[PDB]
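What the sequence shown shows, in this note's numbering, is residues 9 to 176, in sequence order.
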Amino acid sequence: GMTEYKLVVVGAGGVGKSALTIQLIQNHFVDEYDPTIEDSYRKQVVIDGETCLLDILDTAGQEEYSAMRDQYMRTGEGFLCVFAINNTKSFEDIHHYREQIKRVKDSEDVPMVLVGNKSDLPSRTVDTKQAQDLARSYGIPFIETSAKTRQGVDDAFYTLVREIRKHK
Ligand SMILES: C[C@H](Oc1ccnc(-c2noc([C@@]3(C)CCCc4sc(N)c(C#N)c43)n2)n1)[C@@H]1CCC[N@H+]1C
Ligand SMILES: Nc1nc2c(ncn2[C@@H]2O[C@H](COP(=O)(O)OP(=O)(O)O)[C@@H](O)[C@H]2O)c(=O)[nH]1
Ligand SMILES: [Mg+2]
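Written out as C-alpha cells, the structure is:
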C-alpha cells in the first residue's frame with residue numbers, strides 16, 4: 009500500500025509557510041494567501057522512486073495550548089520549522105516551536121528540518137552560518153528555500169520524509 013506521511017509546517021506568521029506548501033501542491037508561487045487559513049493538503053509524489061502520499065498541514069493563526077490543539081499537532085510525523093532569512097525575529101522564535109514540538113511528541117527525537125525561506129531576497133539579516141549552527145545544535149538538517157523560485161522546496165519536504173523513514 010501507499011504510505012502516507014503527515015508533515016506539519018510551523019513558524020512565525022509571514023515567513024512563507026503557505027507559499028512553500030502551495031509551491032509543493034500547485035507548482036506555482038502564490039504571493040498572497042490569507043494568513044489566517046490553517047489547512048491540510050495532500051499530494052502524491054515520487055521520492056526515491058517510491059510513490060507516497062504527503063499530507064501537509066500548513067499552520068496558521070493564534071498560539072493556543074489547549075488539549076485539542078496539542079492533539080492536532082501531535083498527528084504530525086515530521087515538522088518543518090521555517091524562518092525567513094530577512095527576519096531576525098522569526099529566527100529567534102525557532103527554539104519556541106522546537107520546544108513545543110518536543111513537548112507534544114514527548115520525544116527529543118522528532119523528525120524535523122530547519123528551513124530558511126526567502127533565499128531569493130537580498131535583504132538578509134540571518135547569516136547562513138548561524139542557521140547552519142542552530143541546525144547542528146539540534147542535530148537536524150538545514151535547507152535554504154525560496155517559495156518564489158522553488159529553490160530547496162523538494163529538498164525540504166523530501167528530506168523530512170527521509171527523516172521519518174529513518175525514525176521508523
Ligand atoms: C513564538 C511565539 O509565537 C507564536 C505565535 C504563533 N504560534 C506559536 C506556536 N508555538 O508552537 C506552535 C505550534 C503550532 C508548533 C507545533 C507544536 C504545537 S503544540 C501547540 N499547542 C501549538 C500551538 N499553538 C504548536 N505555534 N508561537 C512567541 C513566543 C512565546 C510567546 N509568543 C508571542
Ligand atoms: N520573495 C519572497 N517572498 C516570499 C517567499 N515566501 C513567501 N513570501 C512572501 O511572504 C509573505 C508571507 O507569505 P505567506 O506564505 O503568507 O506566509 P505564512 O504566514 O508563513 O503562511 C507574502 O507577502 C509572500 O508573498 C519567498 O520565498 N520569497
Ligand atoms: Mg499562511
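We put the CB at the ideal spot given by N, CA and C, even for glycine.
Between residue i and ligand 2, is the CB less than 7 angstroms from at least one heavy atom?
{"i": "residue 129", "result": "yes"}
{"i": "residue 48", "result": "no"}
{"i": "residue 41", "result": "yes"}
{"i": "residue 69", "result": "no"}
{"i": "residue 26", "result": "yes"}
{"i": "residue 154", "result": "yes"}
{"i": "residue 35", "result": "no"}
{"i": "residue 95", "result": "no"}
{"i": "residue 134", "result": "no"}
{"i": "residue 126", "result": "yes"}
{"i": "residue 3", "result": "Nothing can be reported for residue 3: it is not among the residues displayed for the chain, which extend from 9 to 176."}
{"i": "residue 160", "result": "no"}
{"i": "residue 23", "result": "yes"}
Measuring alpha carbon to alpha carbon, tell me which residue in the options is nearest residue i.
{"i": "residue 104", "options": "12, 19, 15, 153", "result": "19"}
{"i": "residue 121", "options": "77, 90, 60", "result": "90"}
{"i": "residue 133", "options": "14, 61, 93, 75", "result": "93"}
{"i": "residue 165", "options": "23, 22, 32", "result": "32"}
{"i": "residue 102", "options": "112, 114, 76, 143", "result": "143"}
{"i": "residue 78", "options": "111, 43, 17, 21", "result": "111"}
{"i": "residue 61", "options": "159, 12, 16, 76", "result": "12"}
{"i": "residue 155", "options": "128, 114, 56, 116", "result": "128"}
{"i": "residue 145", "options": "38, 16, 106, 126", "result": "106"}
Nearer than 7 angstroms: is that true of the beta carbon of residue i relative to any heavy atom of ligand 1?
{"i": "residue 120", "result": "no"}
{"i": "residue 10", "result": "no"}
{"i": "residue 146", "result": "no"}
Distance check for residue j and residue i, CA to CA, integer angstroms please.
{"i": "residue 84", "j": "residue 97", "result": "25 angstroms"}
{"i": "residue 69", "j": "residue 9", "result": "35 angstroms"}
{"i": "residue 7", "j": "residue 141", "result": "The displayed coordinates of the chain run from 9 to 176. Any statement about residue 7 would go beyond what the structure contains."}
{"i": "residue 35", "j": "residue 161", "result": "10 angstroms"}
{"i": "residue 86", "j": "residue 172", "result": "6 angstroms"}
{"i": "residue 136", "j": "residue 119", "result": "21 angstroms"}
{"i": "residue 82", "j": "residue 72", "result": "14 angstroms"}
{"i": "residue 147", "j": "residue 40", "result": "33 angstroms"}
{"i": "residue 6", "j": "residue 139", "result": "Nothing about residue 6 can be read from this structure; the chain reaches only from 9 to 176."}
{"i": "residue 54", "j": "residue 163", "result": "13 angstroms"}
{"i": "residue 21", "j": "residue 108", "result": "16 angstroms"}
{"i": "residue 170", "j": "residue 57", "result": "12 angstroms"}
State yes or no: is the C-beta of residue i nearer than 7 angstroms to some heavy atom of ligand 3?
{"i": "residue 109", "result": "no"}
Inter-stretch contact at 8 angstroms, needing at least 3 Cβ pairs: the region 139-158 / the region 40-49:
With a cut-off of 8 angstroms, the region 40-49 and the region 139-158 do not count as touching, because too few Cβ pairs lie within range.
Is it the case that the region 11-28 contacts the region 65-79, given that we only count it when at least three CB pairs across the two stretches are under 8 angstroms?
Counting Cβ pairs under 8 angstroms, three or more are found: they touch.
4-residue-minimum alpha helix (DSSP H) runs that sit fully inside the region 82-161, ordered along the chain
For the region 82-161, the full-length alpha helix (DSSP H) segments reaching 4 residues or more read 96-100, 102-113, 136-146 along the chain.
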